[PDB]
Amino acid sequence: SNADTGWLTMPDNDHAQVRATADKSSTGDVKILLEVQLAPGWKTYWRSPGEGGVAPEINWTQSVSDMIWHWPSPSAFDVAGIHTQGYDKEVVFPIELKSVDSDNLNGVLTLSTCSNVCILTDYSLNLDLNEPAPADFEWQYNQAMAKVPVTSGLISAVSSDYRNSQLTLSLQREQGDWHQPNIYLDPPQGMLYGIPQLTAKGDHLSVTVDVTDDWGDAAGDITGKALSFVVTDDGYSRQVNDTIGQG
């Protein structure tokens, strides 16, 4: 009746349920909402999960082109002596696909969940795009998008420096003072970032991050590599894309 998988469970995973819903426009562009509900104590991961984790992903059977996976603003956890970036309780991923030539969309979600172990579970998502999206799909999609970091606001300047296997950032708040900031970083390939240390005074936020290679030893030079992170404060979430060493 609708483009809606219903709530899916797998026999060997008693701590997650997932649901996908979708709408295909006349132009052939598909919007998908992937809802994930987690039992207490279980989390899933952000696109940069931290050491030991795996980002959730979907592999579609159909050829699709410009897939965009929008990542809701993440949280950080230090459970079981492990630093990770991800989501607890529940998360909804808005996804967009172009050039779906079929009225059917079939995919396999490899969902990563973590308590003190990272479990990988496959969910088969079967969507009939000839059926109407659920009645409140557009509202659900906008509610989900509202939680995704934006690429403007909150900060007015960024500089960074790297030396002695330590990344330092200086972030200027656009308006007002910092209150309770958080930062979530995407490490370059092969690199691990430690727990960010944040110090703020007035509109100035300083961040220091210890860096290592994939084996825990002092990292090589990452100057010139991508500096990508989300910074949050006062319920606002900003995605920054810059370069390590710029400024």
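Throughout, we count residues from 1 along the sequence that is shown.
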Quiz item: So 65-73 or 203-211, which one's hotter by mean CA B-factor in the entry?
Solution: 65-73
Quiz prompt | Average Cα temperature factor in the PDB entry - higher stretch of 160-168, 79-87 | solution = 79-87
Quiz item: Based on what the PDB entry reports, which of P94, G176, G107, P149 has the top C-alpha B-factor?
Solution: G176
Practice problem: Would you mind checking which of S102, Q143, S124, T113 has the top Cα temperature factor in the PDB entry? | Solution: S102
Practice problem: Pull the Cα B-factor of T44 out of the PDB entry and bin it into the chain's lowest, middle or highest third. | Solution: lowest
Quiz item: Among the modelled residues of its chain, does the C-alpha B-factor of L154 lie in the lowest, middle or highest third?
Solution: middle
Quiz item: Relative to the other modelled residues in the chain, which third contains the C-alpha temperature factor of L192: lowest, middle or highest?
Solution: highest
Exercise. Comparing against every modelled residue in the chain, figure out the third that the C-alpha B-factor of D186 lands in (lowest, middle or highest).
Key: middle
Practice problem: Tell me, lowest, middle or highest third: where does the Cα B factor of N59 rank within its chain? | Solution: middle
